[PDB]
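Peer 1: Below is one structure. I have some questions about it.
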2 protein chains.
Amino acid sequence: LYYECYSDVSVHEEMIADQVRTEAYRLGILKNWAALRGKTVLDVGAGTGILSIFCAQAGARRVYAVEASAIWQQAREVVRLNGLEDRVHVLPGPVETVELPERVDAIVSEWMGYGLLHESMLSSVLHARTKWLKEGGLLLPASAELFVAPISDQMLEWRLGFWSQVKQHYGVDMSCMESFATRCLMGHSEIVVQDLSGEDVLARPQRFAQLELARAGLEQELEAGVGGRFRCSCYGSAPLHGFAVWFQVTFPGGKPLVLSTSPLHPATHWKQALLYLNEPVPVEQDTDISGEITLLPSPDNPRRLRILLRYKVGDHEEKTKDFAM
Amino acid sequence: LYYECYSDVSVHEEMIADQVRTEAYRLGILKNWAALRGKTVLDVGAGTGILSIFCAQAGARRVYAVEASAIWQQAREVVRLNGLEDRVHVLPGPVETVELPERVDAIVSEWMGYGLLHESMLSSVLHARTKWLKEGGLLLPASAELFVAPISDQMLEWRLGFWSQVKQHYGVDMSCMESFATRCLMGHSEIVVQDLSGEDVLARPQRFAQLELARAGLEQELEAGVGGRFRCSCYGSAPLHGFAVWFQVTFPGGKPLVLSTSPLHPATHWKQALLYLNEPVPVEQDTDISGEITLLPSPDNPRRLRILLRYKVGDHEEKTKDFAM
Ligand SMILES: [Ca+2]
Ligand SMILES: [Ca+2]
Ligand SMILES: [Ca+2]
Ligand SMILES: [Ca+2]
Ligand SMILES: [Ca+2]
Ligand SMILES: [Ca+2]
Ligand SMILES: [Ca+2]
Ligand SMILES: [Ca+2]
Ligand SMILES: [Ca+2]
Ligand SMILES: [Ca+2]
């Protein structure tokens, strides 16, 4: 028979094969063994069930693994195979309408999306916190931080400069194609998910927001926009292509464990969210860059990430660019 | 301003950055300098114009570069930048309805698609041959050959076996997910474009068709299906995942120059076209495999590639699988 689930298995494979992500959760959950031992846990968006199993292995007495997508059936099988059907219960459907037989001592979730908030489960985690978490209960991870840095994307630089190099390899001048490539690769307002490295970072990364997931008011902040101002000074001479946005989340130490998606840290499946200017801007050592960045819902869809960027490079006028996934 | 041409520049960049392809054309055209010198050329689907310029550099007196996509405007600029506006003429629109002021001595084209015939320009090249090529005129390349081999795709093997290895890395058994991954990754009827290497090839590749582009009847063969029978014997013990299809084209020697897309040869942007069985089949040294493969138009769209596969592995019954891009 033929099936249409290629994309489903690929997404879950990618996440479990992301050792930085999956080991951070394994260890972050285990670091909280004292708080989980003999207690009940809700896993929001449990996927294949692996995190729910990690919670049982950390000593949870009972775990409710809630998953709305088709993969919930595989999670139930995984739980059975690990001998945990008596303690880990897979419940299909969205957490907003699931019926648990009790409130829980902790919520665990891998809820983060590209750019932190694209197609994230954060609103579901917060809904579950309000509805099902006992007073004083634990959230894992507990917090998130957002970072921005100006970038000179070496891969993009190569793509833009490719056309001017055709002559040296094939004896045909194609340098005129550079303007075309620039318009096409940079003159749009889409957020681009791409992995960078430290070599691409043009100034010290700046933290522009911190989200304490248990804090009052966070749901309203998400609707109004999460963001802040930033300022920095460039390391050296390079074409500025725009900005990269990334995040980290923190698991309480029960030394806290941080799962980072920085280009300076080991690669993850989240990569970074890139915000390209319409064309490169030359900068030099100590060129000042300032601005404001805000992560917003889209009008049609609160889970489609919009980023509004205001930026000022050196003595140039401040500019605005409104991006979306 | 914002533009929507990211995909356009990416496709042309990929093709020109494919040195195996682009150098094969450069050299194949130059190898035919005696036949091109002082003569006229039609370039079918000229793209950015680079091949038309190669023809002028080989000594063509005049080149008509026909291109229907938006990129024709860039080609005109490239021609001007290389000082060739007097000799290379860019004509927008499909070659089927272009008006040339003369018949031509040669047609050059990079017309090949994935699996040779997916979204290929072959029918346009043949239409132009009939309408515009002088009797006795030259086609570059002159011929194509199609190959098939059984494969044990090492990357696929890793993806399928991933689930059974989760326990050894995270201490959670996910071996039950293997059946799910198999159905999802192999239990469909889509042709998959993927690059393999010699390590993936399970028996001697077999040539199953040869197309002489000037030959009478080729248009009718394309409609009825291009293909043939094959037989081979496996090198060793491995999971058979299916078959790979690839091609080469040949430029007359003016030693002919061959541009190959074999997994045993340097990588190209065409990769190979993979035809997966619904599930792996164990084979051993000297396991006989035979079958028939036919490349066909789709009902809705003659340029959407269909491949009909009949295959018999060892003593198993012959099976059929009908694939499409
Ligand atoms: Ca996730
Ligand atoms: Ca990348
Ligand atoms: Ca700050
Ligand atoms: Ca703020
Ligand atoms: Ca989407
Ligand atoms: Ca092509
Ligand atoms: Ca590949
Ligand atoms: Ca044959
Ligand atoms: Ca035949
Ligand atoms: Ca298509």
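So you can find residues: chains in the structure tokens are A, B, ... in the order shown, residues in each start at 1, and ligands are numbered from 1 in order.
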Compile the contact shell of range 33-37 of chain B as a PDB file with N, CA, C and O atoms, in the first residue's frame: residues with an atom at most 12 Å away, counting only C-alpha atoms, same-chain residues fewer than 6 positions apart removed.

Peer 2:
ATOM      1  N   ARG B  26      31.353  23.614 -22.523  1.00  0.00           N
ATOM      2  CA  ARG B  26      32.382  24.502 -23.050  1.00  0.00           C
ATOM      3  C   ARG B  26      33.325  23.724 -23.968  1.00  0.00           C
ATOM      4  O   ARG B  26      33.614  24.141 -25.098  1.00  0.00           O
ATOM      5  N   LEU B  27      33.794  22.584 -23.480  1.00  0.00           N
ATOM      6  CA  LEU B  27      34.757  21.782 -24.229  1.00  0.00           C
ATOM      7  C   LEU B  27      34.101  21.042 -25.391  1.00  0.00           C
ATOM      8  O   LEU B  27      34.691  20.909 -26.451  1.00  0.00           O
ATOM      9  N   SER B  52      25.505  30.092 -25.548  1.00  0.00           N
ATOM     10  CA  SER B  52      25.513  30.829 -26.795  1.00  0.00           C
ATOM     11  C   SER B  52      26.822  31.570 -26.953  1.00  0.00           C
ATOM     12  O   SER B  52      27.382  31.652 -28.047  1.00  0.00           O
ATOM     13  N   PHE B  54      29.689  30.603 -25.561  1.00  0.00           N
ATOM     14  CA  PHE B  54      30.678  29.571 -25.879  1.00  0.00           C
ATOM     15  C   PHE B  54      30.690  29.273 -27.381  1.00  0.00           C
ATOM     16  O   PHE B  54      31.745  29.049 -27.963  1.00  0.00           O
ATOM     17  N   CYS B  55      29.520  29.238 -28.010  1.00  0.00           N
ATOM     18  CA  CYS B  55      29.448  28.990 -29.446  1.00  0.00           C
ATOM     19  C   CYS B  55      30.106  30.094 -30.264  1.00  0.00           C
ATOM     20  O   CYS B  55      30.838  29.821 -31.218  1.00  0.00           O
ATOM     21  N   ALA B  56      29.863  31.342 -29.887  1.00  0.00           N
ATOM     22  CA  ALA B  56      30.544  32.459 -30.530  1.00  0.00           C
ATOM     23  C   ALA B  56      32.063  32.342 -30.342  1.00  0.00           C
ATOM     24  O   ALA B  56      32.823  32.599 -31.270  1.00  0.00           O
ATOM     25  N   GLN B  57      32.500  31.961 -29.148  1.00  0.00           N
ATOM     26  CA  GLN B  57      33.927  31.798 -28.880  1.00  0.00           C
ATOM     27  C   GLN B  57      34.555  30.629 -29.664  1.00  0.00           C
ATOM     28  O   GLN B  57      35.771  30.626 -29.937  1.00  0.00           O
ATOM     29  N   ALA B  58      33.729  29.664 -30.056  1.00  0.00           N
ATOM     30  CA  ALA B  58      34.193  28.558 -30.897  1.00  0.00           C
ATOM     31  C   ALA B  58      34.227  28.964 -32.363  1.00  0.00           C
ATOM     32  O   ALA B  58      34.637  28.181 -33.217  1.00  0.00           O
ATOM     33  N   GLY B  59      33.773  30.178 -32.654  1.00  0.00           N
ATOM     34  CA  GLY B  59      33.872  30.729 -33.996  1.00  0.00           C
ATOM     35  C   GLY B  59      32.587  30.837 -34.798  1.00  0.00           C
ATOM     36  O   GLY B  59      32.641  31.123 -35.993  1.00  0.00           O
ATOM     37  N   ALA B  60      31.430  30.608 -34.178  1.00  0.00           N
ATOM     38  CA  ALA B  60      30.164  30.762 -34.893  1.00  0.00           C
ATOM     39  C   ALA B  60      30.014  32.191 -35.394  1.00  0.00           C
ATOM     40  O   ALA B  60      30.359  33.140 -34.704  1.00  0.00           O
ATOM     41  N   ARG B  61      29.503  32.345 -36.608  1.00  0.00           N
ATOM     42  CA  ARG B  61      29.326  33.687 -37.140  1.00  0.00           C
ATOM     43  C   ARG B  61      28.097  34.366 -36.523  1.00  0.00           C
ATOM     44  O   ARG B  61      28.077  35.581 -36.359  1.00  0.00           O
ATOM     45  N   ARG B  62      27.081  33.583 -36.173  1.00  0.00           N
ATOM     46  CA  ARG B  62      25.859  34.132 -35.611  1.00  0.00           C
ATOM     47  C   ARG B  62      25.187  33.087 -34.751  1.00  0.00           C
ATOM     48  O   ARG B  62      25.161  31.914 -35.119  1.00  0.00           O
ATOM     49  N   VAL B  63      24.653  33.510 -33.606  1.00  0.00           N
ATOM     50  CA  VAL B  63      23.929  32.614 -32.699  1.00  0.00           C
ATOM     51  C   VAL B  63      22.593  33.244 -32.350  1.00  0.00           C
ATOM     52  O   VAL B  63      22.523  34.412 -31.994  1.00  0.00           O
ATOM     53  N   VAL B 104      19.531  27.291 -39.705  1.00  0.00           N
ATOM     54  CA  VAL B 104      20.812  27.262 -39.003  1.00  0.00           C
ATOM     55  C   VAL B 104      21.610  25.996 -39.311  1.00  0.00           C
ATOM     56  O   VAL B 104      21.063  24.964 -39.703  1.00  0.00           O
ATOM     57  N   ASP B 105      22.918  26.095 -39.107  1.00  0.00           N
ATOM     58  CA  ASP B 105      23.826  24.984 -39.367  1.00  0.00           C
ATOM     59  C   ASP B 105      23.924  24.033 -38.173  1.00  0.00           C
ATOM     60  O   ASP B 105      24.300  22.861 -38.336  1.00  0.00           O
ATOM     61  N   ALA B 106      23.570  24.519 -36.980  1.00  0.00           N
ATOM     62  CA  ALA B 106      23.702  23.720 -35.769  1.00  0.00           C
ATOM     63  C   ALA B 106      22.699  24.150 -34.732  1.00  0.00           C
ATOM     64  O   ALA B 106      22.329  25.324 -34.676  1.00  0.00           O
ATOM     65  N   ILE B 107      22.312  23.189 -33.903  1.00  0.00           N
ATOM     66  CA  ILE B 107      21.540  23.436 -32.692  1.00  0.00           C
ATOM     67  C   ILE B 107      22.350  22.947 -31.501  1.00  0.00           C
ATOM     68  O   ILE B 107      22.865  21.853 -31.510  1.00  0.00           O
ATOM     69  N   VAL B 108      22.467  23.820 -30.514  1.00  0.00           N
ATOM     70  CA  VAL B 108      23.074  23.502 -29.240  1.00  0.00           C
ATOM     71  C   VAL B 108      22.011  23.680 -28.170  1.00  0.00           C
ATOM     72  O   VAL B 108      21.202  24.603 -28.229  1.00  0.00           O
ATOM     73  N   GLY B 136      21.642  17.915 -42.961  1.00  0.00           N
ATOM     74  CA  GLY B 136      23.023  17.615 -42.635  1.00  0.00           C
ATOM     75  C   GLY B 136      23.580  18.420 -41.474  1.00  0.00           C
ATOM     76  O   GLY B 136      24.754  18.271 -41.143  1.00  0.00           O
ATOM     77  N   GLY B 137      22.754  19.260 -40.847  1.00  0.00           N
ATOM     78  CA  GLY B 137      23.202  20.090 -39.741  1.00  0.00           C
ATOM     79  C   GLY B 137      23.538  19.291 -38.490  1.00  0.00           C
ATOM     80  O   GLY B 137      23.227  18.112 -38.394  1.00  0.00           O
ATOM     81  N   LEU B 138      24.174  19.961 -37.536  1.00  0.00           N
ATOM     82  CA  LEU B 138      24.742  19.358 -36.330  1.00  0.00           C
ATOM     83  C   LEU B 138      23.853  19.602 -35.093  1.00  0.00           C
ATOM     84  O   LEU B 138      23.306  20.690 -34.933  1.00  0.00           O
ATOM     85  N   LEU B 139      23.716  18.588 -34.234  1.00  0.00           N
ATOM     86  CA  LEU B 139      23.103  18.733 -32.903  1.00  0.00           C
ATOM     87  C   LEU B 139      24.146  18.484 -31.831  1.00  0.00           C
ATOM     88  O   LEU B 139      24.882  17.493 -31.876  1.00  0.00           O
ATOM     89  N   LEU B 140      24.176  19.373 -30.841  1.00  0.00           N
ATOM     90  CA  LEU B 140      25.105  19.255 -29.715  1.00  0.00           C
ATOM     91  C   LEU B 140      24.353  19.353 -28.401  1.00  0.00           C
ATOM     92  O   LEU B 140      23.695  20.358 -28.158  1.00  0.00           O
ATOM     93  N   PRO B 252      29.988  14.794 -30.190  1.00  0.00           N
ATOM     94  CA  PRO B 252      30.910  14.237 -31.191  1.00  0.00           C
ATOM     95  C   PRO B 252      32.333  14.724 -30.977  1.00  0.00           C
ATOM     96  O   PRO B 252      32.514  15.853 -30.532  1.00  0.00           O
ATOM     97  N   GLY B 253      33.321  13.896 -31.308  1.00  0.00           N
ATOM     98  CA  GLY B 253      34.717  14.214 -31.046  1.00  0.00           C
ATOM     99  C   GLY B 253      35.312  15.287 -31.938  1.00  0.00           C
ATOM    100  O   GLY B 253      36.341  15.877 -31.595  1.00  0.00           O
ATOM    101  N   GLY B 254      34.679  15.542 -33.080  1.00  0.00           N
ATOM    102  CA  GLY B 254      35.183  16.527 -34.022  1.00  0.00           C
ATOM    103  C   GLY B 254      36.538  16.134 -34.581  1.00  0.00           C
ATOM    104  O   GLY B 254      37.533  16.830 -34.365  1.00  0.00           O
TER     105      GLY B 254
END

Peer 1: Give me, as a short mmCIF file (atom, residue, chain, number, x, y, z; two decimals) with N, CA and C atoms, in the first residue's frame, the set of residues whose atoms come within 7 Å of any atom of ligand 9, counting only C-alpha atoms and all ligand atoms.

Peer 2:
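Generated file (selection.cif):
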data_model
loop_
_atom_site.label_atom_id
_atom_site.label_comp_id
_atom_site.auth_asym_id
_atom_site.auth_seq_id
_atom_site.Cartn_x
_atom_site.Cartn_y
_atom_site.Cartn_z
N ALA B 209 18.58 2.12 -22.87
CA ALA B 209 18.17 2.83 -24.08
C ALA B 209 19.26 3.77 -24.56
N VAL B 226 10.18 5.44 -23.69
CA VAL B 226 11.58 5.12 -23.97
C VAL B 226 12.06 4.16 -22.91
N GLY B 227 12.53 2.99 -23.29
CA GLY B 227 12.95 2.05 -22.29
C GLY B 227 13.41 0.75 -22.84
N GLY B 228 13.63 -0.18 -21.94
CA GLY B 228 14.12 -1.48 -22.33
C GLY B 228 14.24 -2.41 -21.15
#

Peer 1: Hey, what's within 8 Å of residue 170 in chain B if we count only C-alpha atoms and toss same-chain stuff fewer than 2 positions away? As a ChimeraX atom specification, please?

Peer 2: /A:23,26 /B:166-168,172

Peer 1: Measure the distance from CA of residue 256 in chain B to CA of residue 25 in chain B in Å and round it to one decimal.

Peer 2: 12.2 Å

Peer 1: Per residue of chain B within 12 Å of ligand 7, what are the shortest atom pair and its distance in Å to one decimal, counting only C-alpha atoms and all ligand atoms, with rows by chain and residue number, as CSV?

Peer 2:
residue,atom,partner,partner_atom_place_in_ligand_line,distance
B:153,CA,ligand 7,1 (Ca),11.1
B:154,CA,ligand 7,1 (Ca),11.3
B:155,CA,ligand 7,1 (Ca),8.7
B:156,CA,ligand 7,1 (Ca),10.8
B:192,CA,ligand 7,1 (Ca),10.8
B:193,CA,ligand 7,1 (Ca),8.6
B:194,CA,ligand 7,1 (Ca),5.4
B:195,CA,ligand 7,1 (Ca),5.0
B:196,CA,ligand 7,1 (Ca),7.4
B:197,CA,ligand 7,1 (Ca),10.1
B:263,CA,ligand 7,1 (Ca),11.6
B:267,CA,ligand 7,1 (Ca),10.2
B:268,CA,ligand 7,1 (Ca),11.0
B:269,CA,ligand 7,1 (Ca),10.2
B:270,CA,ligand 7,1 (Ca),11.0
B:271,CA,ligand 7,1 (Ca),8.1
B:272,CA,ligand 7,1 (Ca),10.0
B:273,CA,ligand 7,1 (Ca),11.8
B:274,CA,ligand 7,1 (Ca),11.8

Peer 1: Please check the contacts: residues of chain B at most 9 Å away from chain A, using only C-alpha atoms, listed as a ChimeraX atom specification.

Peer 2: /B:1-10,13,16-17,22-23,26,48,50,53-54,74,77-79,81-82,159,162-163,166,170-177,180-181,183-189,278

Peer 1: So which one's closest to ligand 8, B:146, B:15, B:125, B:112? Using only C-alpha atoms and all ligand atoms, please.

Peer 2: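 Once distances to ligand 8 are computed over only C-alpha atoms and all ligand atoms, the minimum belongs to B:146.
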
Peer 1: Please, which residues of range 18-182 of chain B, numbered as in this document, come out helix (DSSP H, G or I) from DSSP, as a ChimeraX atom specification?

Peer 2: /B:19-31,33-36,50-57,72-81,122-132,154-170,177-182

Peer 1: What residues have any atom no more than 10 Å from ligand 1 when counting only C-alpha atoms and all ligand atoms, and can you list them as a ChimeraX atom specification?

Peer 2: /A:11-12,14-16,21,45-47,109-114,119-121,269-270

Peer 1: Could you produce a table of the residues of chain A lying within 8 Å of ligand 3, with the nearest pair of atoms per residue and their separation in Å rounded to one decimal, using only C-alpha atoms and all ligand atoms, ordered by chain and increasing residue number, as CSV?

Peer 2:
residue,atom,partner,partner_atom_place_in_ligand_line,distance
A:206,CA,ligand 3,1 (Ca),6.3
A:207,CA,ligand 3,1 (Ca),4.8
A:208,CA,ligand 3,1 (Ca),4.0
A:209,CA,ligand 3,1 (Ca),6.2
A:228,CA,ligand 3,1 (Ca),6.4
A:229,CA,ligand 3,1 (Ca),6.4
A:230,CA,ligand 3,1 (Ca),6.0

Peer 1: Write out as number ranges by chain each polymer residue (protein, DNA or RNA) that has an atom no more than 9 Å from ligand 10, with only C-alpha atoms and all ligand atoms counted.

Peer 2: B: 118-119, 303-304, 325

Peer 1: Residues near residue 205 in chain B, anyone? I mean within 7 Å using only C-alpha atoms, not counting same-chain ones fewer than 6 positions away, as a PDB file with C-alpha atoms, in the first residue's frame.

Peer 2:
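Now in part.pdb:
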ATOM      1  CA  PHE B 147      21.279   3.491 -17.420  1.00  0.00           C
ATOM      2  CA  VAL B 148      19.741   1.567 -14.533  1.00  0.00           C
ATOM      3  CA  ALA B 149      21.286  -0.220 -11.547  1.00  0.00           C
TER       4      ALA B 149
END

Peer 1: Within 7 Å of residue 282 in chain A, counting only C-alpha atoms, which residues qualify if same-chain residues fewer than 6 places away don't, as a VMD selection string?

Peer 2: chain A and resid 238 to 240

Peer 1: In Å to one decimal, how far is CA of residue 145 in chain A from CA of residue 257 in chain A?

Peer 2: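 About the pair CA of residue 257 in chain A and CA of residue 145 in chain A: they are 13.3 Å apart.
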
Peer 1: For residue 91 in chain A, list every protein, DNA or RNA residue within 8 Å, evaluated using only C-alpha atoms, and leave out those in the same chain fewer than 2 positions away; present the list as a PyMOL selection string.

Peer 2: chain A and resi 64-67+72+89+93+98

Peer 1: If you run DSSP over the backbone, which residues in range 59-287 of chain B end up strand (DSSP E)? Put them as an NGL selection string.

Peer 2: :B and (62-67 or 88-92 or 104-108 or 133-140 or 143-151 or 192-194 or 206-212 or 226-233 or 238-251 or 257-260 or 272-283)
